[PDB]
Amino acid sequence: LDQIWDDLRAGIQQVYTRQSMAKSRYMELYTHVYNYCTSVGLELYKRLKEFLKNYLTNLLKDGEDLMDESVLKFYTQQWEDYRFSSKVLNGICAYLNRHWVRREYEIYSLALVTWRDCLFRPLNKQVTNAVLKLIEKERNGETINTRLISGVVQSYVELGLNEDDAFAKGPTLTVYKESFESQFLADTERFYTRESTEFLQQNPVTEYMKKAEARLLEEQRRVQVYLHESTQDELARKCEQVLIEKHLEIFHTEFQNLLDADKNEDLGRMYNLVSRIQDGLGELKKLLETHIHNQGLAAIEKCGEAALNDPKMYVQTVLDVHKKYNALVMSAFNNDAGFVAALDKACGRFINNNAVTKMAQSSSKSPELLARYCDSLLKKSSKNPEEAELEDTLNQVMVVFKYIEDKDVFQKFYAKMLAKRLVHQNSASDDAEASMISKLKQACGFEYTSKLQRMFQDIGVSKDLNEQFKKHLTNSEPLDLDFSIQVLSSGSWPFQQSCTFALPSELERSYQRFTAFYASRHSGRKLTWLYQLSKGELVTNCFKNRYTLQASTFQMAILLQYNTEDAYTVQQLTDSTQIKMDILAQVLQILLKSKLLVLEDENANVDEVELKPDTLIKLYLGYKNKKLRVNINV
Amino acid sequence: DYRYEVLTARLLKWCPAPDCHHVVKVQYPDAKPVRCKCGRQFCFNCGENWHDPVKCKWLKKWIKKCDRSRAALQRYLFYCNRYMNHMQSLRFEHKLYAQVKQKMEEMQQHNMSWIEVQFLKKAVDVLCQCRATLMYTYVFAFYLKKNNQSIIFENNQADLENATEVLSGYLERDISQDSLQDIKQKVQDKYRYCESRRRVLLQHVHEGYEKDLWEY
Amino acid sequence: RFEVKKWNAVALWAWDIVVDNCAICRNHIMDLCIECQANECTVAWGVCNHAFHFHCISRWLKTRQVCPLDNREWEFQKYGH
Ligand SMILES: [Zn+2]
Ligand SMILES: [Zn+2]
Ligand SMILES: [Zn+2]
Ligand SMILES: [Zn+2]
Ligand SMILES: [Zn+2]
């Protein structure tokens with residue numbers, strides 16, 4: 001009414017320019033507002049709106065056109081006081097919000113709208129411009145009094161108009177987005193575009209890299225003390241577009257020049273920076289692949305001619321290159337799938353075709369060299385290998401194996417060498433052999449390693465059966481010699497039929513007894529004895545100093561042919577032993593090279609002169625060797 | 001040892017490619033496979049694609065009516081069904097290559113390495129080659145009067161057919177995920193067996209040709 | 001004179017068969033058969049002196065009762081072990 005309006009105006013003027021009044025004042029004001037609304041307060045609504053507009057105009061009468069560092073100290077303080085006072089006023093006239101705005105504008109929203117109109121006056125551009133000028137101390141200077149910026153930002157966010165838009169929902173940040181975020185984002189883009197190039201024009205790019213990482217960290221930090229939370233992602237995207245994503249050319253050039261050096265600490269930095277953006281790793285993977293390929297190829301180029309006859313050096317060089325670059329990939333580039341794939345492709349390329357394969361005029365020289373390395377590593381040498389070291393080295397051979405592609409040539413070579421190594425009783429560790437076969441099978445399937453498994457179990461079964469022969473021999477008077485035999489399969493071992501031998505009479509008893517024994521335990525089986533690889537012992541109870549010889553069966557036949565006389569020729573020996581011509585020539589040459597057999601001549605070069613069928617061979621009765629148990633073999 | 005030469009514009013021939021412009025010259029014709037270096041190969045004598053076990057004349061007589069009272073129709077239906085099945089599968093091998101490759105990237109991105117998709121590629125190649133041989137071995141089998149040496153052949157190629165079906169079944173579904181150490185072993189053990197079997201079939205056919213063992 | 005003390009010979013195990021293909025699965029006679037391979041496989045014989053795997057001749061007789069190199073009846077003559 002009228003008798004109430006003057007006192008209520010006095011009270012409202014009291015609540016603004018706050019003086020911390022007591023409960024009696026606010027209670028009597030509320031009583032007035034309740035008294036009017038009972039007797040439907042549209043005219044009171046009009047009076048309140050007009051009073052608010054007039055007070056805002058009075059306030060704007062001062063503080064306008066200051067333009068710097070003071071419109072902030074003005075605006076934030078005015079805003080805090082006005083917001084608090086308006087909240088209290090919404091407290092006082094709270095009967096309007098309950099029974100006249102339910103049949104239509106709540107007083108707090110009206111005060112916000114009027115202050116919004118106080119934003120749509122020259123205050124809007126001056127305040128935002130001063131805030132941006134304050135943040136433009138990004139360079140240095142802790143002059144950003146964060147309470148002079150958070151207040152403005154909170155004012156903008158709160159001023160998102162809601163006058164019956166739909167209803168009070170939550171953070172309505174339309175005004176923030178359309179009046180402050182856009183200018184801030186544009187100015188950030190401009191500032192970074194200028195300073196990034198200004199720095200990049202004077203210094204090596206490593207320092208720029210450090211600075212860019214620091215700036216990204218800083219701008220992530222800033223949104224946690226000044227601005228609103230829903231700007232982190234967008235500001236991050238803008239900074240990622242300006243600092244990086246617009247210098248990929250210089251990044252690629254520096255990446256190559258870094259790889260040519262050995263700096264493994266800032267390569268991680270470049271991986272981080274480039275991976276922050278979408279698909280920027282495209283050129284990095286290809287460039288790394290090319291570099292590691294060329295490194296490995298030119299690395300084994302250094303060995304040159306010496307590698308082609310030494311498996312150790314070749315496999316060692318390949319393993320060294322692979323080890324270094326795998327170590328780099330697993331620390332800097334974080335085991336990224338693409339970089340691991342690049343390493344794998346380059347390793348395949350430079351293992352398969354390189355200087356050694358080119359010099360050997362084929363690409364099946366690397367699997368042969370690997371197989372020969374594994375051979376030389378599993379033979380029984382002077383040193384007695386330690387199990388852990390041997391197992392580790394086999395593990396490394398498996399890597400270099402998994403990088404080759406014609407894994408059949410390797411199988412042929414390994415089968416041949418394992419055959420020799422098993423037949424001649426000359427192997428380091430059955431455990432090592434079994435483990436190697438097992439991991440070949442695990443890495444290439446069951447069909448790959450069937451022949452090797454059979455070749456192994458066959459020597460096992462032969463060792464078994466020889467003991468049973470010994471047991472059965474206790475009832476049949478073993479004539480004069482130790483008989484140890486190794487019965488192999490026929491489809492597995494890479495051995496030919498035979499070499500047309502005639503058995504001497506000194507062995508026929510054991511031969512027939514064992515063949516009859518074998519025929520007993522099995523249904524139908526044909527032992528095709530092969531004498532081209534079988535050794536034994538001779539005692540020579542004919543000479544002066546009781547020597548002992550250790551040679552193949554061919555030497556046994558030829559020597560025992562002299563039990564009658566000592567005047568046989570090439571033809572005379574041929575008749576009684578039925579051996580092939582060139583094989584007999586080779587064996588007689590080996591015998592004459594040894595001091596056992598001499599020709600008619602006393603000091604001839606028998607080692608080189610060819611022998612003719614009508615040439616007598618004389619048993620040298622004066623044979624003598626310094627040591628005992630002479631080993632005559634090649 | 002078959003010396004042939006490829007050049008541009010009874011011992012020269014034109015290339016059946018849709019638009020290749022080359023000439024193939026050879027020393028002496030034996031219905032052997034020649035490659036035009038334009039991406040296509042064909043046997044020099046007749047003019048269709050390379051057919052290893054079956055002779056050219058029977059291929060002609062089969063392709064004339066490529067598509068007789070009651071049982072001949074059943075035999076023809078069975079054989080042409082198998083032949084067209086293999087041809088329809090082979091014509092879509094581009095889709096098979098793309099499918100296995102996209103599988104390679106999909107399976108590699110889910111925390112798995114490169115060598116695995118490598119053996120997958122090898123298996124696919126062997127599968128396609130085996131199908132291409134079964135194609136013409138059926139043609140050879142059709143024009144054949146039943147005797148002792150025909151039952152054996154018809155019994156071996158059925159097993160090879162089954163193995164191929166097994167291989168192709170493995171790929172699609174059982175390359176699913178995170179079971180490499182067994183699925184790989186099964187695939188390898190299967191495609192080595194398939195390759196060995198197809199080599200056996202081709203050897204049997206050619207030995208039969210040499211020994212005059214078949215009857216038509 | 002005597003000059004013999006020890007001997008270590010090496011001999012090959014092989015089936016007693018004139019020809020080696022098994023003529024059913026065309027494998028090598030010593031290898032595994034077409035059944036035992038895609039995963040005891042011994043060699044059986046006959047009166048006409050022909051040789052086949054056991055698991056090949058078994059199915060062959062399960063279908064037809066003729067030795068498949070000679071149009072004659074077939075009965076076992078010697079198992080293989
Ligand atoms: Zn062409
Ligand atoms: Zn043709
Ligand atoms: Zn079997
Ligand atoms: Zn068989
Ligand atoms: Zn028979």
# chains A, B, ... in the order shown; residues from 1 in each chain; ligands from 1
call {"tool": "residues_near_ligand", "arguments": {"ligand": "ligand 5", "cutoff": "12 Å", "atoms": "only C-alpha atoms and all ligand atoms", "output": "list in words"}}
result
residues 148 of chain B; 22, 23, 44, 45, 46, 47, 48, 49, 50, 51, 52, 57, 65, 66, 67, 68, 69, 70, 71, 72, 73, 74, 75, 76 and 77 of chain C
call {"tool": "interface_residues", "arguments": {"of": "chain C", "to": "chain A", "cutoff": "7 Å", "atoms": "only C-alpha atoms", "output": "list in words"}}
result
residues 1, 2, 3, 4, 5, 6, 7, 8, 9, 10, 11, 12, 13, 14, 15, 16, 30, 31, 80 and 81 of chain C
call {"tool": "write_last_selection", "arguments": {"atoms": "N, CA and C atoms", "output": "mmCIF file, in the first residue's frame"}}
result
data_model
loop_
_atom_site.group_PDB
_atom_site.id
_atom_site.type_symbol
_atom_site.label_atom_id
_atom_site.label_comp_id
_atom_site.auth_asym_id
_atom_site.auth_seq_id
_atom_site.Cartn_x
_atom_site.Cartn_y
_atom_site.Cartn_z
ATOM 1 N N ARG C 1 98.457 -109.977 -34.293
ATOM 2 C CA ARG C 1 97.800 -111.247 -34.572
ATOM 3 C C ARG C 1 96.282 -111.114 -34.470
ATOM 4 N N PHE C 2 95.739 -111.336 -33.270
ATOM 5 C CA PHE C 2 94.299 -111.215 -33.067
ATOM 6 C C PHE C 2 93.833 -109.788 -33.325
ATOM 7 N N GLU C 3 94.315 -108.849 -32.511
ATOM 8 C CA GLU C 3 94.101 -107.417 -32.720
ATOM 9 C C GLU C 3 92.622 -107.034 -32.738
ATOM 10 N N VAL C 4 91.790 -107.678 -31.918
ATOM 11 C CA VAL C 4 90.400 -107.243 -31.773
ATOM 12 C C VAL C 4 90.019 -107.175 -30.301
ATOM 13 N N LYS C 5 89.486 -106.031 -29.879
ATOM 14 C CA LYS C 5 89.130 -105.814 -28.485
ATOM 15 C C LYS C 5 87.704 -105.328 -28.282
ATOM 16 N N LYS C 6 87.198 -104.468 -29.160
ATOM 17 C CA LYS C 6 85.863 -103.919 -28.986
ATOM 18 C C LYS C 6 85.348 -103.470 -30.344
ATOM 19 N N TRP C 7 84.031 -103.547 -30.519
ATOM 20 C CA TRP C 7 83.397 -103.158 -31.769
ATOM 21 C C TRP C 7 82.087 -102.455 -31.459
ATOM 22 N N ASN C 8 81.813 -101.375 -32.185
ATOM 23 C CA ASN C 8 80.589 -100.600 -32.015
ATOM 24 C C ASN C 8 79.986 -100.333 -33.381
ATOM 25 N N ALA C 9 79.035 -101.165 -33.788
ATOM 26 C CA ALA C 9 78.441 -101.074 -35.109
ATOM 27 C C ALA C 9 77.123 -100.321 -35.039
ATOM 28 N N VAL C 10 76.691 -99.817 -36.191
ATOM 29 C CA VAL C 10 75.454 -99.058 -36.315
ATOM 30 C C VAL C 10 74.619 -99.687 -37.418
ATOM 31 N N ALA C 11 73.375 -100.037 -37.099
ATOM 32 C CA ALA C 11 72.512 -100.781 -38.005
ATOM 33 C C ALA C 11 71.156 -100.104 -38.090
ATOM 34 N N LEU C 12 70.476 -100.265 -39.222
ATOM 35 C CA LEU C 12 69.189 -99.621 -39.444
ATOM 36 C C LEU C 12 68.034 -100.611 -39.371
ATOM 37 N N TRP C 13 67.047 -100.276 -38.550
ATOM 38 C CA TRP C 13 65.765 -100.962 -38.480
ATOM 39 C C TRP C 13 64.926 -100.602 -39.693
ATOM 40 N N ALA C 14 64.320 -101.605 -40.323
ATOM 41 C CA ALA C 14 63.475 -101.385 -41.489
ATOM 42 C C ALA C 14 62.565 -102.585 -41.700
ATOM 43 N N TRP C 15 61.347 -102.323 -42.173
ATOM 44 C CA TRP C 15 60.417 -103.407 -42.449
ATOM 45 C C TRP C 15 60.932 -104.254 -43.606
ATOM 46 N N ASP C 16 60.476 -105.500 -43.654
ATOM 47 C CA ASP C 16 60.978 -106.471 -44.627
ATOM 48 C C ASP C 16 60.161 -106.474 -45.913
ATOM 49 N N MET C 30 57.281 -96.651 -43.681
ATOM 50 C CA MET C 30 57.777 -96.487 -42.321
ATOM 51 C C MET C 30 57.122 -95.325 -41.590
ATOM 52 N N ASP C 31 56.517 -94.385 -42.305
ATOM 53 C CA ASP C 31 55.929 -93.214 -41.671
ATOM 54 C C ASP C 31 54.606 -93.599 -41.019
ATOM 55 N N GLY C 80 52.660 -107.609 -38.051
ATOM 56 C CA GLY C 80 53.932 -106.926 -37.893
ATOM 57 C C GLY C 80 54.061 -106.321 -36.515
ATOM 58 N N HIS C 81 55.237 -106.488 -35.925
ATOM 59 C CA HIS C 81 55.506 -105.946 -34.602
ATOM 60 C C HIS C 81 56.898 -105.336 -34.536
#
call {"tool": "residues_near_ligand", "arguments": {"ligand": "ligand 2", "cutoff": "10 Å", "atoms": "only C-alpha atoms and all ligand atoms", "output": "list in words"}}
result
residues 30, 31, 32, 33, 42, 43, 44, 45, 46, 47, 48, 49, 50, 51, 52, 54, 55, 56, 57, 58, 59 and 60 of chain B
call {"tool": "write_last_selection", "arguments": {"atoms": "C-alpha atoms", "output": "PDB file, in the first residue's frame"}}
result
ATOM      1  CA  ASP B  30      54.213 -78.563 -73.557  1.00  0.00           C
ATOM      2  CA  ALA B  31      50.995 -77.139 -72.044  1.00  0.00           C
ATOM      3  CA  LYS B  32      53.193 -75.647 -69.290  1.00  0.00           C
ATOM      4  CA  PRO B  33      52.351 -72.599 -67.162  1.00  0.00           C
ATOM      5  CA  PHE B  42      48.042 -69.560 -68.253  1.00  0.00           C
ATOM      6  CA  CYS B  43      49.149 -72.765 -69.945  1.00  0.00           C
ATOM      7  CA  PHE B  44      50.683 -72.014 -73.320  1.00  0.00           C
ATOM      8  CA  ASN B  45      48.800 -74.659 -75.286  1.00  0.00           C
ATOM      9  CA  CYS B  46      45.053 -74.167 -74.912  1.00  0.00           C
ATOM     10  CA  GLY B  47      44.431 -70.778 -73.312  1.00  0.00           C
ATOM     11  CA  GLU B  48      42.660 -71.085 -69.961  1.00  0.00           C
ATOM     12  CA  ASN B  49      44.153 -70.802 -66.482  1.00  0.00           C
ATOM     13  CA  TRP B  50      46.788 -73.205 -65.221  1.00  0.00           C
ATOM     14  CA  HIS B  51      45.413 -76.693 -64.502  1.00  0.00           C
ATOM     15  CA  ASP B  52      47.971 -79.036 -62.987  1.00  0.00           C
ATOM     16  CA  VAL B  54      43.989 -82.642 -65.581  1.00  0.00           C
ATOM     17  CA  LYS B  55      44.857 -82.733 -69.260  1.00  0.00           C
ATOM     18  CA  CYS B  56      43.709 -79.958 -71.575  1.00  0.00           C
ATOM     19  CA  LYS B  57      41.345 -81.973 -73.786  1.00  0.00           C
ATOM     20  CA  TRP B  58      39.260 -83.192 -70.847  1.00  0.00           C
ATOM     21  CA  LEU B  59      39.099 -79.618 -69.594  1.00  0.00           C
ATOM     22  CA  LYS B  60      37.694 -78.640 -72.993  1.00  0.00           C
TER      23      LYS B  60
END
call {"tool": "closest_atom_pairs", "arguments": {"of": "chain C", "to": "ligand 4", "cutoff": "6 Å", "atoms": "only C-alpha atoms and all ligand atoms", "output": "JSON lines"}}
result
{"residue": "C:22", "atom": "CA", "partner": "ligand 4", "partner_atom_place_in_ligand_line": "1 (Zn)", "distance": 4.8}
{"residue": "C:24", "atom": "CA", "partner": "ligand 4", "partner_atom_place_in_ligand_line": "1 (Zn)", "distance": 5.3}
{"residue": "C:25", "atom": "CA", "partner": "ligand 4", "partner_atom_place_in_ligand_line": "1 (Zn)", "distance": 4.5}
{"residue": "C:33", "atom": "CA", "partner": "ligand 4", "partner_atom_place_in_ligand_line": "1 (Zn)", "distance": 4.6}
{"residue": "C:52", "atom": "CA", "partner": "ligand 4", "partner_atom_place_in_ligand_line": "1 (Zn)", "distance": 5.8}
{"residue": "C:53", "atom": "CA", "partner": "ligand 4", "partner_atom_place_in_ligand_line": "1 (Zn)", "distance": 4.4}
{"residue": "C:56", "atom": "CA", "partner": "ligand 4", "partner_atom_place_in_ligand_line": "1 (Zn)", "distance": 5.0}
call {"tool": "residues_near_ligand", "arguments": {"ligand": "ligand 1", "cutoff": "6 Å", "atoms": "only C-alpha atoms and all ligand atoms", "output": "PyMOL selection string"}}
result
chain B and resi 15+17+20+22+36+38
call {"tool": "write_last_selection", "arguments": {"atoms": "N, CA, C and O atoms", "output": "PDB file, in the first residue's frame"}}
result
ATOM      1  N   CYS B  15      48.003 -62.893 -75.143  1.00  0.00           N
ATOM      2  CA  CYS B  15      47.673 -63.098 -73.736  1.00  0.00           C
ATOM      3  C   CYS B  15      46.169 -62.957 -73.497  1.00  0.00           C
ATOM      4  O   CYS B  15      45.598 -61.900 -73.795  1.00  0.00           O
ATOM      5  N   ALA B  17      44.555 -61.990 -71.189  1.00  0.00           N
ATOM      6  CA  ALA B  17      44.138 -60.964 -70.250  1.00  0.00           C
ATOM      7  C   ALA B  17      43.178 -59.997 -70.943  1.00  0.00           C
ATOM      8  O   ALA B  17      43.225 -59.836 -72.167  1.00  0.00           O
ATOM      9  N   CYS B  20      45.701 -56.771 -71.664  1.00  0.00           N
ATOM     10  CA  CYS B  20      47.149 -56.833 -71.788  1.00  0.00           C
ATOM     11  C   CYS B  20      47.557 -56.832 -73.255  1.00  0.00           C
ATOM     12  O   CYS B  20      46.919 -57.460 -74.103  1.00  0.00           O
ATOM     13  N   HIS B  22      50.781 -57.798 -74.975  1.00  0.00           N
ATOM     14  CA  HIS B  22      52.096 -58.416 -74.965  1.00  0.00           C
ATOM     15  C   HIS B  22      52.064 -59.625 -75.880  1.00  0.00           C
ATOM     16  O   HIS B  22      51.004 -59.999 -76.388  1.00  0.00           O
ATOM     17  N   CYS B  36      52.707 -63.931 -67.850  1.00  0.00           N
ATOM     18  CA  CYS B  36      52.830 -62.853 -68.821  1.00  0.00           C
ATOM     19  C   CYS B  36      53.457 -61.594 -68.244  1.00  0.00           C
ATOM     20  O   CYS B  36      53.595 -60.604 -68.969  1.00  0.00           O
ATOM     21  N   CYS B  38      52.136 -59.503 -66.664  1.00  0.00           N
ATOM     22  CA  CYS B  38      51.032 -58.574 -66.484  1.00  0.00           C
ATOM     23  C   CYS B  38      50.160 -58.929 -65.289  1.00  0.00           C
ATOM     24  O   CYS B  38      49.120 -58.294 -65.091  1.00  0.00           O
TER      25      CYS B  38
END
call {"tool": "residues_around", "arguments": {"residues": "range 153-163 of chain B", "least_positions_apart": "5", "cutoff": "8 Å", "atoms": "only C-alpha atoms", "output": "ChimeraX atom specification"}}
result
/B:134,141,190,194,197-198,201 /C:25
call {"tool": "interface_residues", "arguments": {"of": "chain B", "to": "chain A", "cutoff": "7 Å", "atoms": "only C-alpha atoms", "output": "list in words"}}
result
residues 114, 185, 188 and 189 of chain B
call {"tool": "residues_near_ligand", "arguments": {"ligand": "ligand 3", "cutoff": "10 Å", "atoms": "only C-alpha atoms and all ligand atoms", "output": "list in words"}}
result
residues 31, 32, 33, 34, 35, 36, 37, 38, 40, 41, 42, 43, 53, 54, 55 and 56 of chain C
call {"tool": "select_by_dssp", "arguments": {"residues": "chain C", "states": "helix (DSSP H, G or I)", "output": "ChimeraX atom specification"}}
result
/C:54-63
call {"tool": "select_by_dssp", "arguments": {"residues": "chain C", "states": "strand (DSSP E)", "output": "JSON, numbers by chain"}}
result
{"C": [6, 7, 8, 9, 10, 11, 12, 43, 44, 45, 51, 52, 53]}
call {"tool": "write_last_selection", "arguments": {"atoms": "C-alpha atoms", "output": "short mmCIF file (atom, residue, chain, number, x, y, z; two decimals), in the first residue's frame"}}
result
data_model
loop_
_atom_site.label_atom_id
_atom_site.label_comp_id
_atom_site.auth_asym_id
_atom_site.auth_seq_id
_atom_site.Cartn_x
_atom_site.Cartn_y
_atom_site.Cartn_z
CA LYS C 6 85.86 -103.92 -28.99
CA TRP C 7 83.40 -103.16 -31.77
CA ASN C 8 80.59 -100.60 -32.01
CA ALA C 9 78.44 -101.07 -35.11
CA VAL C 10 75.45 -99.06 -36.32
CA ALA C 11 72.51 -100.78 -38.01
CA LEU C 12 69.19 -99.62 -39.44
CA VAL C 43 52.41 -103.22 -40.83
CA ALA C 44 50.17 -106.13 -41.83
CA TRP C 45 50.77 -108.71 -44.54
CA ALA C 51 52.26 -104.95 -47.53
CA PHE C 52 50.01 -102.19 -46.20
CA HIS C 53 49.52 -100.23 -43.03
#
call {"tool": "residues_around", "arguments": {"residues": "residue 86 in chain B", "least_positions_apart": "5", "cutoff": "10 Å", "atoms": "only C-alpha atoms", "output": "PyMOL selection string"}}
result
chain B and resi 80-81+91+128+131-136
call {"tool": "closest_residue", "arguments": {"among": "C:78, C:18, C:26, C:58", "to": "chain B", "atoms": "only C-alpha atoms"}}
result
C:26
call {"tool": "atom_distance", "arguments": {"atom1": "CA of residue 59 in chain A", "atom2": "CA of residue 106 in chain A"}}
result
22.6 Å
call {"tool": "residues_around", "arguments": {"residues": "range 115-125 of chain B", "least_positions_apart": "6", "cutoff": "10 Å", "atoms": "only C-alpha atoms", "output": "list in words"}}
result
residues 341, 344, 345, 402 and 403 of chain A; 93, 96, 97, 100, 101, 103, 104, 105, 107, 108, 167, 168, 171, 175, 180, 181, 184, 187, 188, 190, 191 and 192 of chain B
call {"tool": "decode", "arguments": {"residues": "range 133-164 of chain B", "atoms": "C-alpha atoms", "output": "JSON list (two decimals), in the first residue's frame"}}
result
[["chain", "number", "residue", "atom", "x", "y", "z"],
["B", 133, "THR", "CA", 44.13, -77.79, -56.89],
["B", 134, "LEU", "CA", 40.98, -79.59, -55.72],
["B", 135, "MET", "CA", 39.15, -77.61, -58.42],
["B", 136, "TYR", "CA", 40.75, -79.46, -61.29],
["B", 137, "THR", "CA", 41.30, -82.75, -59.50],
["B", 138, "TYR", "CA", 37.51, -83.15, -59.47],
["B", 139, "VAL", "CA", 37.48, -82.58, -63.24],
["B", 140, "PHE", "CA", 40.13, -85.25, -63.65],
["B", 141, "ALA", "CA", 38.16, -87.63, -61.43],
["B", 142, "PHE", "CA", 34.91, -87.30, -63.39],
["B", 143, "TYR", "CA", 36.11, -88.80, -66.70],
["B", 144, "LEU", "CA", 37.35, -92.00, -65.09],
["B", 145, "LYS", "CA", 36.06, -95.57, -65.24],
["B", 146, "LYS", "CA", 35.88, -97.16, -61.80],
["B", 147, "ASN", "CA", 38.60, -99.68, -60.94],
["B", 148, "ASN", "CA", 41.00, -100.38, -58.09],
["B", 149, "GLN", "CA", 43.16, -97.33, -58.74],
["B", 150, "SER", "CA", 40.13, -95.01, -58.86],
["B", 151, "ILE", "CA", 38.65, -95.91, -55.48],
["B", 152, "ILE", "CA", 41.95, -95.03, -53.80],
["B", 153, "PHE", "CA", 42.06, -91.62, -55.48],
["B", 154, "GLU", "CA", 38.43, -90.83, -54.74],
["B", 155, "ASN", "CA", 39.13, -91.83, -51.14],
["B", 156, "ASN", "CA", 42.22, -89.65, -50.71],
["B", 157, "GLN", "CA", 40.75, -86.50, -52.21],
["B", 158, "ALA", "CA", 37.72, -86.78, -49.94],
["B", 159, "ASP", "CA", 40.05, -86.67, -46.94],
["B", 160, "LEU", "CA", 41.86, -83.66, -48.39],
["B", 161, "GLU", "CA", 38.49, -81.95, -48.94],
["B", 162, "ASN", "CA", 37.59, -82.58, -45.30],
["B", 163, "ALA", "CA", 40.93, -81.21, -44.09],
["B", 164, "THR", "CA", 40.47, -78.05, -46.16]]
